[PDB]
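Step one of this worksheet: look at the structure below.
Residue numbers (the entry's author numbering), protein chains in the order written: chain A, 206 to 256; chain E, 196 to 293; chain F, 209 to 259; chain C, 211 to 262; chain B, 197 to 245; chain D, 200 to 249.
Printed below as a string of structure tokens:
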């Protein structure tokens, strides 16, 4: 009885995978640079709190 | 009988299953080739998020205090832009002659 | 998530751009924090003197 | 999972509340850069202020 | 799919403790900010203005 | 045999994902709103290149 819902889930999974594949490289480059600035912030946690 | 119905329903979605497999393959390939970025994220972001959660109240207080200052500053500098400009423009000559 | 594909792609690209800009000025960010720590204290002192 | 759901809904609420003032948030960086430049120029171009 | 998913999942498992703690910490931070969102948004707009 | 050796882990996955989806499924429109608001908020800082 839940087979149309299975079809909907499969189609949505395919579409979401395609969208995530399209958007992934930008996200991962941003994550690399965000790790850079996050290490920057972590090295000066005390300075940020004082600020 | 139920297996017949279930197998018919699954076979009717073979193209969608293949497309989902291909899409998941592409996404997982991109993520696997950025696994280094994933490791670098998971090594250094959780401490930052934890410390931010530790000092959320202080950050909110700082933002609110700066906003309290900036609202009054904005009202003062918007209610006294043109008037100050005109007063300076008019007072230039008395200043020079003095 | 599928119906909002354009939005997630757009904010992924914008996160990439913002993170790149923030990482390319890492020394600028560190200097900004290190100078923002005592300058607000000095401004507070100046204002509290003419309170 | 409860934390994830609460995080997502609170993030939606926070972003909706922040970006309703779209014009000012959309110009915060431009205006802070502009005022930084103006203050720098004002201090630079008036070196006789201390003696005054 | 199996190879790449296994790689990513073992990468996450290596940081399982941190990945578990970061969800709780992020939820706490987001809730604390949402409880004051309107003053925070007003303050940001006032700073920009 | 391969599935049966990992059967316990697989059904633990099924139960955990059931908990996750049952606790997150009610806010689908709020998730769409979150994504749109995040896109707008990020657009608020990337109008120009620098």
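Ideal Cβ positions, reconstructed from N, Cα and C, are used throughout, including at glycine.
Best match in the options for proximity to residue i [C-alpha to C-alpha]
i: residue 244(A); options: 243(E), 288(E) and 231(E); result: 243(E)
i: residue 211(C); options: 223(B), 211(B), 205(B) and 200(B); result: 223(B)
i: residue 218(A); options: 257(F), 223(F), 209(F) and 235(F); result: 209(F)
i: residue 247(E); options: 197(B), 228(B), 208(B) and 201(B); result: 228(B)
i: residue 220(C); options: 243(D), 240(D) and 229(D); result: 229(D)
i: residue 222(A); options: 275(E), 226(E), 281(E) and 258(E); result: 226(E)
i: residue 243(C); options: 221(D), 244(D) and 223(D); result: 244(D)
i: residue 242(B); options: 218(C), 233(C) and 250(C); result: 233(C)
i: residue 217(C); options: 247(D), 242(D), 226(D) and 204(D); result: 226(D)
i: residue 235(C); options: 209(D), 242(D) and 248(D); result: 242(D)
i: residue 218(E); options: 215(A), 246(A) and 242(A); result: 215(A)
i: residue 231(E); options: 208(B), 198(B) and 197(B); result: 208(B)
Backbone secondary structure at residue i - three-state DSSP
i: residue 211(E); result: helix
i: residue 255(C); result: helix
i: residue 206(A); result: coil
i: residue 244(D); result: coil
i: residue 241(A); result: helix
i: residue 248(F); result: helix
i: residue 236(C); result: helix
i: residue 222(A); result: helix
i: residue 250(A); result: helix
i: residue 249(C); result: helix
i: residue 205(D); result: coil
i: residue 209(F); result: coil
i: residue 222(C); result: helix
i: residue 261(C); result: coil
i: residue 213(C); result: helix
i: residue 229(C); result: coil
i: residue 245(B); result: coil
Residue i at chain G interface by Cβ criterion, 8 Å
i: residue 214(A); result: Among the chains of the structure shown, chain G does not appear; the protein chains present are A, E, F, C, B and D.
**Asked** Is the segment 270-288 of chain E touching the segment 214-229 of chain D in the sense that three or more CB pairs, one from each, lie closer than 8 Å?
**Response** no
**Prompt:** Is the number of C-beta pairs between the segment 241-260 of chain C and the segment 201-215 of chain E that are closer than 8 Å three or more?
**Reply:** Using a C-beta cut-off of 8 Å, the segment 241-260 of chain C makes no contact with the segment 201-215 of chain E, since fewer than three inter-stretch Cβ pairs fall below that distance.
**Asked** Between the segment 228-236 of chain D and the segment 224-231 of chain C, do three or more beta carbon pairs fall short of 8 Å?
**Response** yes
**Request:** Taking only runs that begin and end inside the segment 209-237 of chain B, name each unbroken beta strand (DSSP E) of 3 or more residues, in chain order.
**Result:** none
**Item:** Meets three-Cβ-pair contact criterion under 8 Å: the segment 226-242 of chain A and the segment 235-242 of chain E
**Value:** Touching, yes.
**Item:** Inter-stretch contact at 8 Å, needing at least 3 Cβ pairs: the segment 197-213 of chain B / the segment 241-256 of chain F
**Value:** no
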